[PDB]
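Single-structure report; data block below.
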Amino acid sequence: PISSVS
Amino acid sequence: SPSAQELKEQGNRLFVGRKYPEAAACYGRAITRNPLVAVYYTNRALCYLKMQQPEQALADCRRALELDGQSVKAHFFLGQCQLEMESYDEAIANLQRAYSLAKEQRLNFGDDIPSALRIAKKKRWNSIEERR
């Protein structure tokens with residue numbers, strides 16, 4: 001998803 | 001003595017473990033080592049959102065945007081912050097901008113951005129109904 005860390 | 005990258009990776013592990021204040025502290029340590037990396041701030045912003053601290057998350061989004069004005073995630077998380085702080089018009093603008101930037105950059109986040117947009121517009125409308 002977009003709500004995830006990189 | 002870990003590197004900035006090692007600190008980010010540790011933060012990410014703690015985030016997976018749902019240890020958000022601990023993860024945020026790790027990203028802070030990464031920032032100390034290299035404060036010019038946008039991802040450390042967007043990662044920490046997400047932690048602050050999970051910790052129900054949208055003010056702190058917002059400041060991190062501002063720091064990320066200063067470093068990378070095209071950041072999809074910084075705009076998205078900024079919108080989320082503004083939503084929590086009941087700044088609906090700004091929230092919607094930032095989520096729309098995140099959507100546009102994701103398109104321009106040919107990034108695929110599935111329906112995440114449109115779903116957040118719908119939530120934001122619904123919240124905005126509901127706030128209007130709550131006042132009449």
Side-chain angles (χ1 to χ4, degrees), chain A, chain B residues 5 7-20 22-24 26-27 30 37-50 57 60 64 68 71-81 83 94-95 98-99 101-102 105 107-117 119:
Chain A
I2 195 168
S3 294
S4 167
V5 294
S6 295
Chain B
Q5 171 63 197
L7 285 163
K8 188 198 76 168
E9 287 169 351
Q10 187 185 354
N12 289 358
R13 292 196 293 275
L14 286 162
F15 186 89
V16 167
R18 299 194 300 275
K19 306 311 298 172
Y20 303 119
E22 290 86 1
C26 282
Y27 299 131
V37 186
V39 183
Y40 303 165
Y41 299 101
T42 58
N43 285 357
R44 193 170 64 176
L46 180 53
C47 291
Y48 285 138
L49 284 167
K50 298 286 178 178
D60 274 345
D68 177 7
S71 172
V72 171
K73 277 182 177 179
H75 283 90
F76 182 86
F77 296 146
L78 178 60
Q80 289 301 128
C81 291
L83 228 209
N94 273 297
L95 295 168
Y99 171 86
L101 288 161
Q105 290 166 38
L107 302 176
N108 184 2
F109 294 106
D111 204 46
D112 283 358
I113 306 181
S115 295
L117 267 164
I119 288 170

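In what follows, every chain begins at residue 1, and chains take the letters A, B, ... in the order their sequences are listed. Computed from heavy atoms alone, side chains included, the values below leave out hydrogens, waters and symmetry copies.
- Under a 3.5 Å cut-off, the side chain of B/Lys8 and the backbone N or O of A/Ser6 do form a donor-acceptor pair.
- Contact annotation for B/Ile113: only side-chain heavy atoms (C-beta onward) come within less than 4.5 Å of a heavy atom of chain A.
- Proximity of B/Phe15 to A/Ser4: side-chain heavy atoms (C-beta onward) are nowhere separated by under 4.5 Å.
- Within a 6.0 Å radius of OH in B/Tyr99, other residues, nucleotides and ligands contribute 12 heavy atoms or fewer.
- The shortest side-chain heavy-atom distance between B/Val72 and A/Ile2 falls under the 4.5 Å cut-off.
- When the candidates B/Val16, B/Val39, B/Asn12 are compared by the number of heavy-atom contacts under 4.5 Å with chain A, B/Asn12 comes out ahead.
- In this structure, chain A has a heavy atom under 4.5 Å from the side chain of B/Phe77, while its backbone stays farther away.
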